[PDB]
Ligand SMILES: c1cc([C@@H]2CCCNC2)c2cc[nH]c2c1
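Quick heads-up: it's one chain on its own, the form solved without the ligand, in structure tokens.
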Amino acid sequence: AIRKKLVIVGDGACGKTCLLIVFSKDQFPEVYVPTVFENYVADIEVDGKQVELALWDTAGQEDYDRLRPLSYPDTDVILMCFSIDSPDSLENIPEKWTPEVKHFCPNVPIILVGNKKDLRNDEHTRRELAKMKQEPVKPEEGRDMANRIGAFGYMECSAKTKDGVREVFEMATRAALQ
């Protein structure tokens, strides 16, 4: 297998840690959801090619501008996350996360990922957002931002129900192979 490296970036409440935990764990965390993610080396077979994909989180590094870039060396694919229940996490993508990743990871494919897609049809989420003149991120709003920032592609998933999780990591492997 060829070795590839993946790093997930995004705001503190974007759901990046939960996404890495659910993908890596063999059994879903029904008793305890871990606070942090150390690292993992996933065995993935995509389109007939065997890859060892090493997974890394940037959670905890959001406020430390000189510590955070040390996670970037030799990255082959970036998952850039936002939460669908947080339109404010989408607005930070183009002028905060995108220029940083393009500077430290030139030519590295970025997949923009909309997490917590299950909250798009959650009444509590819709009521809370409606108090700040907001609504859950629309599918076209995600695609348009991905198009604008020069992302390799746009995908959506739910770490809670597991829907879309496998497809995100299999597509990340294909991007890393290009």
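Definition used throughout: the rigid core is the maximal C-alpha set that superposes within 1.5 Å between two forms. Heads up: residue numbers just count along the shown sequence, starting at 1. Residues that one form lacks are left out of the comparison.
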Residue stretch of maximal mean CA temperature factor, 98 to 106 vs 84 to 92: 84 to 92
Mean C-alpha temperature factor, higher of 8 to 16 and 21 to 29: 21 to 29
Out of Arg68, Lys116, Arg148, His124, residue topping the C-alpha B-factor column of the entry: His124
Of the residues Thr35, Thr58, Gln134, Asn39, the one carrying the largest Cα B-factor as recorded: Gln134
Record-listed C-alpha B factor of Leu129: chain third: highest
Third of chain Cα B-factors occupied by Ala1: highest
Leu177 CA temperature factor, ranked by third within the chain: highest
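Not on display, but discussed next: the form solved in complex with the ligand.
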4.5 angstroms heavy atom contact with the ligand in the deposited complex for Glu123: no
Touches the ligand in the deposited complex: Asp88 (any heavy atom, 4.5 Å): no
Heavy atom within 4.5 Å of the ligand in the deposited complex - qualifying residues of 96 to 122: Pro99, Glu100, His103, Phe104
Residue from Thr35, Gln27, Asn121, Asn39 whose Cα, after superposing the rigid core, lies 2 Å or more away between this form and the one not shown: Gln27
Rigid-core superposition between this form and the one not shown, with residue runs of at least 3 whose C-alphas all shift by 2 Å or more: 26 to 28
